[PDB]
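Single chain ahead, written as C-alpha cells, the form deposited without the partner chain.
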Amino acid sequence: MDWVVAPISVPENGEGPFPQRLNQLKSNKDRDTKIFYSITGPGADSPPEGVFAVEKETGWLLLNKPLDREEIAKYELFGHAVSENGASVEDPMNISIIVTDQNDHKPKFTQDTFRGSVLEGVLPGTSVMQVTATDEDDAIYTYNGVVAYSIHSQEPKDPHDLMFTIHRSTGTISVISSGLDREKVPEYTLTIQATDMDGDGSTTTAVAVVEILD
C-alpha cells in the first residue's frame, strides 16, 4: 500500500452502528494470490478480546462495540496477511488506535467533608480553606475535566445568608461578610458544588464545615 496504516483516532462512546469500519488493510501480494487477513493484540486476540476484528477476505478493520477512554485510551494491534497456501506475505503491521475523550465523568470531591477554622475577628476576604474535586475526563484540550466550584447553600443563616464565597477555579472558600460571632453561631455547614465544563456540565456536592475558633 505500503503495508502501513497511520494511527487511527476514535472518539469514545460512538453511536455505531457496530461493527464499524475503520480502515481497509491490503497487501499488494493479492495481485499474485488470495490473501487472508487477521489481527492480534490486546483488544483483538487477548484481553479485552474481540473489541476489534478484521474481515478475513476483505481486510476491513472493524470496531465491534463503543470504546471507553477511561478503560483503555490506546490500543496497539498487529495486522497479518497470509496467502491461501499458508505463507505470510507481510511482516505484521502496527495498528495504533487512539481513543479520544467525551465528557462522561462527573466531578468527584476528594472528601465528603472538608473542615476549616477561622478566628472570630478575621476580616472579609479571609481564606478559610481550599476544597478539591477531580474529573477523569480531558482537561487539556477541552473543558470536559475542568471543574467550576460554587456554594450550594449555607446553614445556619445567622447573622445572614451567603456569608461565604468559593473561588470558581481554585476551590478556595472565603468569608465575605463581617459579623462572625462564635457565641451566637460557632459553626457553619456549607453545601458545596463542583461542575464540569467549567460550570456548564454536571455537578456533584460535598460539605465544608467552617469552625469559628475560640
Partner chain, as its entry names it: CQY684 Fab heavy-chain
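Residue numbers count along the first chain shown, from 1.
Quick note: we don't show the form deposited with the partner chain bound, though the next part is all about it.
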*With the partner left out of view, is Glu183 within 4.5 angstroms of the partner chain in the bound PDB entry by any non-hydrogen atom?*
no
*Please check if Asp161 has a heavy atom lying within 4.5 Å of any heavy atom of the partner chain in the bound PDB entry.*
no
*in the bound PDB entry, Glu155 touching the partner chain (heavy atom, 4.5 Å)*: no
